[PDB]
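K.L.:
Chains as they are written, first to last, in full-length UniProt numbering: chain A, 206 to 726; chain B, 623 to 726; chain C, 206 to 726; chain D, 623 to 726. Just so you know, even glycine gets a beta-carbon here, dropped at the ideal spot from N, CA and C.
4 protein chains.
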Amino acid sequence: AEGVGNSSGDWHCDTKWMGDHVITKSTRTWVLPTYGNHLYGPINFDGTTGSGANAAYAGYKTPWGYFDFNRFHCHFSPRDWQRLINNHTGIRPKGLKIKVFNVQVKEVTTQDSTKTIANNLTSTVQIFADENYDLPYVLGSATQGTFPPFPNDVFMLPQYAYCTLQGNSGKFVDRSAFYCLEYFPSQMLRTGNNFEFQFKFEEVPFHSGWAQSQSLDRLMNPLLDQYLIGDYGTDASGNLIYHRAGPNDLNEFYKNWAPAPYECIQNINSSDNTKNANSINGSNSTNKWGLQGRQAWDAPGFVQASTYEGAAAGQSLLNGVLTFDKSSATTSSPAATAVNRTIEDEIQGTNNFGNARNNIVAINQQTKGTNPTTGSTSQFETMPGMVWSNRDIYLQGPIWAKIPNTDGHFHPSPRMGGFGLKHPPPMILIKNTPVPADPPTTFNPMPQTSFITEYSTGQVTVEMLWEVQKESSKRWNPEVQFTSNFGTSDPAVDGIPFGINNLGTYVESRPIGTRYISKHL
Amino acid sequence: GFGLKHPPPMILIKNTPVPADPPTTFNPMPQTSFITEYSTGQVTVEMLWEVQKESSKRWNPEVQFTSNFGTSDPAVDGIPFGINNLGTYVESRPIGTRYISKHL
Amino acid sequence: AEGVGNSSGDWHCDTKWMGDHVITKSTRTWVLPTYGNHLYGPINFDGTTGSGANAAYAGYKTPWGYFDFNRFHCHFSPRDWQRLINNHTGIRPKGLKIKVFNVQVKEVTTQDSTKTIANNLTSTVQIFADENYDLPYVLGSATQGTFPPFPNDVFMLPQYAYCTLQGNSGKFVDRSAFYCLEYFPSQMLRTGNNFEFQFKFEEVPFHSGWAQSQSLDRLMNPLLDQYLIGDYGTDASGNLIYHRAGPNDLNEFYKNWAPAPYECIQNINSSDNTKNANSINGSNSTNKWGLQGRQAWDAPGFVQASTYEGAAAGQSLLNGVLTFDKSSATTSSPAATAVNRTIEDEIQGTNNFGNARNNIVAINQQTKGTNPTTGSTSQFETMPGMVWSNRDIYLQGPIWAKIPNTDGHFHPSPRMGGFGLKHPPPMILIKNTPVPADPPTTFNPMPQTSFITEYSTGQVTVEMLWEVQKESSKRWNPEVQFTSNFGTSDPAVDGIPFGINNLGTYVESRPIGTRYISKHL
Amino acid sequence: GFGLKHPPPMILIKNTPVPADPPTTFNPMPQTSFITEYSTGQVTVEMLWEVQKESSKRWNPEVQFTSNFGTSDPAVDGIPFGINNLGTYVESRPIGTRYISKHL
């Protein structure tokens, strides 16, 4: 609204702990290139070559671009995260505000000698938030493009594309869709204008932030013995023999609850070289689920315990655990020293080890002459009276995901992590309006393909409102908490962990989960 | 369809018995001889339905249910979804409810 | 509503002349058979045999039946009609009421020895009037089935069928329609019930009931001569010569208005045998208009003067004039003595004789050496500044017709006669509900085809409200009027004209038009 | 379409001339030398339409406009009624307004 000289907004970054709720606020700077020369392309990859038939897709490209702010480390700093996870046992989102301002548009002029960048005063950007969820929602796929961890750096908004249904060999069909984005109302921003937006989340259950100090197989008073009786075998004559379950053997007890379902996942030992087999194929050893005549990876799949206390060090599941990069990088095949590989030991109480494959069930019907025989099961799914714990929310992982709109869903939670939502925060799209190059003198009915090269930039702020649970636990001895144990670091090379290294990049040392507090089942 | 805890109740009907002429003297047994009869009448049913009308912004036109049959001889089959030659009513092809594309 | 003993209505027949408006009222008795055993058939006739390819049709039959009250002689009597057309110069409908009552249902029982008819007390008829014009409207086709002229006789309601679009050889196509009539709300009538209905017409122009005593070619003061000048030819040198139109020749005058358009119609002399050619073919000599690859008769077509004063007696157009029967009869090819053949002499002022073919127009462009040449035209259509008069409404002809619902129409009036209407009186349908015969003991999922034979009967009354114009004309000498000139009649044979003959039939002697009053252009 | 006595008026636009540097001394002739320029901007149009919704009691299903194209290669034509490979917008087939059967 206000003229060129006045500023349309000011920097705000703070986190204040008010009580049962906390408010985080942050501001960053972005840059928006002009994508595709203002053209919608179709895109496809047929399964004829390269990866294979399972990789086929079909969809469109768009000149528009969008903000993806969904990860935790956008809204917290390694210190403030620590402050959260040691004291507080749960968190859920409440509402959020988002504002973009101080837009300015610049124009590039190439002489082939050098490039010239001259600030254009009159030109606009188009921005709108989609309330009705009419566009395909591409957030929640854990793609790159999210805000940088560290507030100083400048990031580049990603292009917006989507995948529709496909026939064989990646061709369109009747059900296929095409979404013209200019058909949506928007708001044109010129320097001196600002875009404000408001949202409030639906009610969701607190994420459990406590590690658990008991197990299911021991829920019992170890000094006593049950009043239920159980069958210890048969006599040599065929009579039935009874036995009572005492403290001498605690595996006999009849028990009320059962552990989680599972699907056997192959195990792999990251640190210890001598455990793994030689030259296993990652693609052929992975659990898959097929759909529509083709089959895609199932990963991570339903959560399983990576390792249990007492197991060999470095034990882990194959593609069953999330993995992150020390710092944002485009490398396709990073080295092992550049990756943070999470492990789940906090759920080992309820959830079985992934590859254990212990469960046993009876495969035949006894009678005179035939002995009862049992066998292990490679997959064991849900039945009444089971309990399980969801995967943890890492500092580096996604905040939420959009529950697909379908007839039915079973205990919706994202298998990667976070809060499943019916209505998630809407997706905010932006583009910079086209400015045509000088037209010819005479009338040409064709459309105009020649444009002035330009890009935009500005600031964006995001304000989150979080709701936390503070607890009182009466255990006597001190709990474990998250602390920084690194011995020393040379500023000539790596700098401080969780701090800018020598070359100016920001590095995230080690992954951080939320369960450090022991709480009994 | 719709699973229901309490569905519409089940409505039962019968036509009361009319006994045939009894014997003169008292017989304690029950009476098995009846007058043959049947009943008839009309019944009406009034349903109230709740629907959702939508707004989808896709650009290109959706598929919809249309009648493509080329031609029909009234000497044999009559019009599809219409009474054929012999007076029977014929339902040509099955009809589902999902013709509108909506993204996941 | 009331019980069996009381009567549901009483007889009303009267005509009262109140003023500028008149009210007619009448009551008749009907009988409704059970059609088609309560079944919808399809019906078609392919053009392979018999008449030819032009006769093909496709449609459905229905158990329903309907009242057609549209003709004039239902609502008037030959006396009351006379009273109308001599005094009054115009009439239009205003509104109407219709009521049906005293229904009673009877059942036939055949022993093969004899038939037994026993009154059923409990059974109903279904009747509804269609407001929204959803059904095909089959009135206005001048089909039989209308109420009898004479109130004593009992008539039989016609079955209801309709014709949809057709492919080649009389087959259905995509656009074809099927109308289930039970899908309409109705009213069940049992003895002691009555059905009442109310309607009011749209505004329409009075029908002109006057014959015209002038002509177009003489609109002029015969004693004078015009101040306009006109070209009488050219000199021998090529100069132009002028002439003024005087009383000596009145065909020269420049004139403001022009007579009606026409299409040449073949002439035929009904009474005089010696005029007509031998063995002409009626089908091949008739004007036709083709549609949808086939061609149907155009008759009567736009009105033309049957004969003009001075022409030979018995002169008439071929299929250009309506024709009626002395009495209702089913004969396919009646004798000439049984038919009333109307003639149009009252319009001879504006409308040209049908077969005259007088008009002349110039076919070439003159110059030195070439003489101007002209030729007669066999068809001459509308141009600005024309006047014409519509066909007369006979006592025996239809009252109204429904203007088809289309983008455009030119001066809608029915070519047969009467009042064109956007919304005509709705069509009233009735059927007698089915009563099933004794079912089998065990359950059969099939539908039940076995019914009890029955028919219904009762009375129906119709009350019309008409609006008339009474006039004042100052001509001195007495006008012609409609009078009964028949010399004598033997009651042993024909009885009185317009009265029941020997055998009990009602006979309508001669056709009666509405234009007996002379009124100048 | 719709014939009109008074149609929507015709909206005209031009960009005013800016003269190039004049000579020093006075020249009574008019000035033919101008600065080359062009203009651009946005325009919006808001229409208000009046429609008729109907009730027809025919039993069997009507024909309606649906998209029957079997398949399309995004490498060439893209989706019908959608941008093809090269960025142009293509209108597949003509569309009239009469799909509803209604008796004369």
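Can you name the start and end residues of the alpha helix (DSSP H) that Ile290 (chain A) belongs to?
P.N.:
That run of the alpha helix (DSSP H) goes 283-292.
K.L.:
Excluding the five sequence neighbours on either side, which residues of its own chain have a C-beta within less than 8 angstroms of the C-beta of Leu326 (chain C), listed in chain order?
P.N.:
Closer than 8 angstroms at Cβ, skipping near neighbours: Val209, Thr396.
K.L.:
Nearest by alpha-carbon distance to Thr654 (chain C): which of C:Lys320, C:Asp440, C:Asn242 is it?
P.N.:
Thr654 (chain C) has its Cα closest to that of C:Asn242, out of C:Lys320, C:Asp440, C:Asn242.
K.L.:
If contact is defined by three or more beta carbon pairs under 8 angstroms, each pair taking one atom from either stretch, is the stretch 458-477 of chain A in contact with the stretch 412-428 of chain A?
P.N.:
Verdict: yes, contact present.
K.L.:
I want to verify the contact list: residues of chain B whose CB lies under 7 angstroms from the CB of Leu244 (chain C), in sequence order.
P.N.:
Near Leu244 (chain C) (Cβ distances below 7 angstroms), the residues of chain B are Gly709.
K.L.:
Please state the DSSP three-state secondary structure of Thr542 (chain C).
P.N.:
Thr542 (chain C): helix per DSSP, three-state reduction.
K.L.:
For residue 741 (chain A), does the three-state DSSP call read helix, strand or coil?
P.N.:
Since the first residue shown for chain A is 206 and the last is 726, residue 741 (chain A) is missing from the structure and cannot be characterised.
K.L.:
Suppose the cutoff is 6 angstroms on Cβ atoms and the five residues either side in sequence are ignored; what does the same chain contact list for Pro353 (chain C) look like?
P.N.:
Excluding residues within five positions, the ones whose Cβ falls inside 6 angstroms are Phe360.
K.L.:
Please confirm whether any heavy atom of the ligand FAD lies closer than 7 angstroms to the CB of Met588 (chain A).
P.N.:
In the structure on display, the ligand FAD does not appear, and there are no ligands present to speak of.
K.L.:
Between the beta-carbon of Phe687 (chain D) and the beta-carbon of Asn682 (chain B), is there less than 8 angstroms?
P.N.:
Not in contact: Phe687 (chain D) and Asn682 (chain B) (Cβ atoms no closer than 8 angstroms).
K.L.:
Let's see if you can read the secondary structure: which residues bound the alpha helix (DSSP H) around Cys218 (chain C)?
P.N.:
No alpha helix (DSSP H) contains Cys218 (chain C), which DSSP labels as neither H nor E.
K.L.:
Along chain A, in chain order, which residues have C-beta atoms closer than 9 angstroms to that of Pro639 (chain D)?
P.N.:
In chain order: nothing, as chain A lies at least about 15 angstroms away.
K.L.:
What residues in the stretch 346-380 of chain A bring their beta carbon closer than 9 angstroms to a beta carbon of chain B?
P.N.:
Listed by position along the chain: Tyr367, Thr369, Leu370, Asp379, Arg380.
K.L.:
Would you report the Cα separation of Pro630 (chain A) and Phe406 (chain A), rounded to the nearest angstrom?
P.N.:
Their backbone Cα atoms lie some 8 angstroms apart in a straight line.
K.L.:
List the residues of chain B whose Cβ lies closer than 9 angstroms to the Cβ of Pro630 (chain D), in chain order.
P.N.:
Residues of chain B passing the Cβ test: none, with the nearest at roughly 27 angstroms.
K.L.:
Give a yes or no on whether the minimum CB-CB distance between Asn682 (chain D) and chain B is below 8 angstroms.
P.N.:
So, interface residue.
K.L.:
Of the residues C:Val698, C:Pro716, C:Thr719, which one's Cα is nearest the Cα of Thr710 (chain C)?
P.N.:
Comparing Cα-Cα distances from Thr710 (chain C) to each of C:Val698, C:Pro716, C:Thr719, the minimum goes to C:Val698.
K.L.:
Using a Cβ-Cβ cut-off of less than 9 angstroms, list which residues of the stretch 247-259 of chain C approach chain B; keep chain order.
P.N.:
Listed in sequence order: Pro247, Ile248, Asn249, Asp251.
K.L.:
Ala258 (chain C) by DSSP, collapsed to three states: which one?
P.N.:
DSSP places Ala258 (chain C) in helix when its eight states are reduced to three.
K.L.:
Under a three-way DSSP split, which group does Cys279 (chain C) fall into?
P.N.:
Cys279 (chain C): helix per DSSP, three-state reduction.
K.L.:
Can you give me the start and stop residues for the beta strand (DSSP E) that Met393 (chain A) sits inside?
P.N.:
Where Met393 (chain A) is concerned, the enclosing beta strand (DSSP E) stretches over 392-394.
K.L.:
Going by the CB atoms, is the gap between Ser381 (chain A) and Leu394 (chain A) shorter than 8 angstroms?
P.N.:
Going by C-beta atoms, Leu394 (chain A) is not nearer than 8 angstroms to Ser381 (chain A).
K.L.:
So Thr321 (chain A) is in the beta strand (DSSP E); what residue range does that whole segment cover?
P.N.:
It spans 320-325 - the beta strand (DSSP E) in which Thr321 (chain A) sits, taken as one unbroken run.
K.L.:
Quick check: the Cα distance between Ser256 (chain A) and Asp695 (chain A), rounded to an integer number of angstroms?
P.N.:
About 43 angstroms.
K.L.:
Closest Cβ-Cβ distance between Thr662 (chain D) and chain A: below 8 angstroms?
P.N.:
Chain A, which has a Cβ nearer than 8 angstroms to the Cβ of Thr662 (chain D), makes this yes.
K.L.:
Thinking just about the alpha-carbon of each residue, which of A:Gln553, A:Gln571, A:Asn563, A:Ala323 is nearest to the one in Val592 (chain A)?
P.N.:
The residue with the shortest Cα to Cα distance from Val592 (chain A) is A:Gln553.
K.L.:
How about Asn707 (chain D) and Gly700 (chain D): are their beta carbons less than 8 angstroms apart?
P.N.:
Yes, Cβ-Cβ distance for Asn707 (chain D) and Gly700 (chain D) is below 8 angstroms.
K.L.:
Quick check: what's the CA-CA separation for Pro341 (chain C) versus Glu676 (chain C)?
P.N.:
If you take the alpha carbons of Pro341 (chain C) and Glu676 (chain C), they lie about 40 angstroms apart.
K.L.:
If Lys320 (chain A) sits next to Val313 (chain A), beta carbons under 8 angstroms apart, how far is it from one beta carbon to the other, in whole angstroms?
P.N.:
Yes, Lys320 (chain A) and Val313 (chain A) are in contact; Cβ-Cβ is about 6 angstroms, under 8 angstroms.
K.L.:
Rounded to whole angstroms, what is the Cα-Cα separation between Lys607 (chain C) and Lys627 (chain C)?
P.N.:
About 6 angstroms.
K.L.:
Cα separation between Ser346 (chain C) and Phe529 (chain C)?
P.N.:
C-alpha separation (whole angstroms): 15 angstroms.
K.L.:
Among residues of its own chain, excluding the 5 on either side of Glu207 (chain C), which ones have a beta-carbon nearer than 6 angstroms to its beta-carbon?
P.N.:
Counting only Cβ-Cβ distances below 6 angstroms, and skipping sequence neighbours, we find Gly397.
K.L.:
Measure the alpha-carbon distance for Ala543 (chain C) versus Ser533 (chain C) and round it to whole angstroms.
P.N.:
One C-alpha to the other measures close to 10 angstroms.
K.L.:
Look up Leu386 (chain C) in the DSSP assignment and say whether it is helix, strand or coil.
P.N.:
Residue state, collapsed to three classes: helix.
K.L.:
In three-state DSSP terms, what is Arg449 (chain A)?
P.N.:
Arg449 (chain A): strand per DSSP, three-state reduction.
K.L.:
Taking Cβ-Cβ distances below 9 angstroms as the criterion, which residues of the stretch 664-680 of chain D are in contact with chain C?
P.N.:
Correct list: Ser677, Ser678, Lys679, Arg680.
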